[PDB]
């Protein structure tokens, strides 16, 4: 889906208070009500639709500079969640670029941060 409507769809779910839920994608984005975020991979239980959601978001932030504020947001997720999902490369000035994920899951709240960085860059 396009960058801005993926972001619309995710923001909407966050607004509905599903931010802590992992995202599921197969057309329209869905909030995972079933299982929680645990840093799963397909091999340890992540759903195929969770991996598509996580990788779709990753694909949309390729070479998108993340600010220290963005970064801080993510770090709160790693900490709130006890788990570090991101491989971020220090691009200097406290900024970062996301190069890869460490699981096949991604919470909607985190997707929103990243998708907004991407929109930012766009504009």
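Residue numbers count along the first chain shown, from 1.
> For the stretches 54 to 62 and 33 to 41, which has the higher mean C-alpha B-factor as given in the deposited record?
Replying inline: In the deposited entry, the stretch with the higher C-alpha B-factor mean is 33 to 41.
>> If you take the mean CA temperature factor per stretch, which one wins between 96 to 104 and 15 to 23?
In response: Taking the mean C-alpha B-factor of 15 to 23 and of 96 to 104, the larger value falls to 96 to 104.
> For the listed residues 49, 82, 67, 28, which one has the largest C-alpha B-factor as given in the deposited model?
Replying inline: Result of the comparison over 49, 82, 67, 28: 82.
> Of the three thirds of its chain by CA temperature factor, lowest, middle or highest, which one includes residue 7?
Replying inline: Within its chain, residue 7 is a middle-third residue by C-alpha B-factor, going by the deposited values.
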